[PDB]
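Letter by letter, the chains look like this.
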Amino acid sequence: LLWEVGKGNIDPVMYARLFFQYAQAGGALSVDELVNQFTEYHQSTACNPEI
Amino acid sequence: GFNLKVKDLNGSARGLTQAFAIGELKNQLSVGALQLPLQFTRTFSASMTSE
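Residues numbered from 1 in each chain as written, not as in the entry; some residues may be left out. Chains lettered and ligands numbered in written order. Part of a larger assembly, values for the part shown. Heavy atoms only, no water. Residues with missing side-chain atoms left out of burial classes, pairs and counts.

For chain B, the name recorded in the PDB entry is MAJOR INNER PROTEIN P1, with Pseudomonas phage phi6 as its organism. According to the PDB record, the title of this entry is "Coordinates of the bacteriophage phi6 capsid subunits fitted into the cryoEM map EMD-1206".

Chain A has the name MAJOR INNER PROTEIN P1 in the PDB entry, where Pseudomonas phage phi6 is given as its organism.

Okay, structure coming up:
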């Protein structure tokens, strides 16, 4: 697909698909892991509110 | 009827504190990692009297 991002709003799929593109890309694979990282990233978002 | 000066309890009624509530000597009382909304808004509590 095309998937132009212009007004991101959930709908995973696409994203996931990108994810896969990455996942596939080997520039992601433990994509999952990344989500952890991300989780953490998020989490750190959680952690810096004050920032 | 303990009269108390704002900007001290950690002395003013020294150990009558949140710090105390930790025990917490006279360190912390701070901000702000993470943060985390909960307002469990009910309690289980009682009523007057037991004599």
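Notes on the overall build of chain B
Along chain B, the regular secondary structure elements total 1 helix and 0 strands. Summarising its shape, the C-alpha atoms of chain B cover approximately 40 × 35 × 20 Å along the three principal directions. (Helix = DSSP H or I, 4+ residues; strand = E, 2+ residues; numbered from the N terminus.)

So, the overall build of chain A
Looking only at helices and strands, chain A features 2 helices and 0 strands. Here the C-alpha radius of gyration of chain A, 13 Å, is well above what a compact globule of 51 residues would show, namely 10 Å. Overall, the C-alpha framework of chain A stretches about 40 × 25 × 15 Å when taken along its three principal axes. (Rg over C-alpha atoms; globule rule 2.2 N^0.38 Å.)

Comments concerning helix α1 (residues 12-24) of chain A
The end-to-end C-alpha separation of α1(A) is 17 Å, in line with the 18 Å expected for 13 residues at 1.5 Å each. At the C-terminal side of α1(A), A:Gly26 shows a positive phi close to 75°. (Expected span 1.5 Å × (residues − 1).)

Digging into unusual backbone geometry
Residues and elements named next belong to chain B. Residue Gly 32 is reached from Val 31 by a cis peptide bond, and omega for that bond is 0°. Despite not being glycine, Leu 29 shows a phi value in the positive range, around 85°. Among the secondary structure elements, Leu 29 is positioned in the segment after α1 (18-22). Located in the positive-phi region is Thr 49, a residue other than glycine, with phi close to 75°. With respect to the helices and strands, the residue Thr 49 is situated in the segment after α1.

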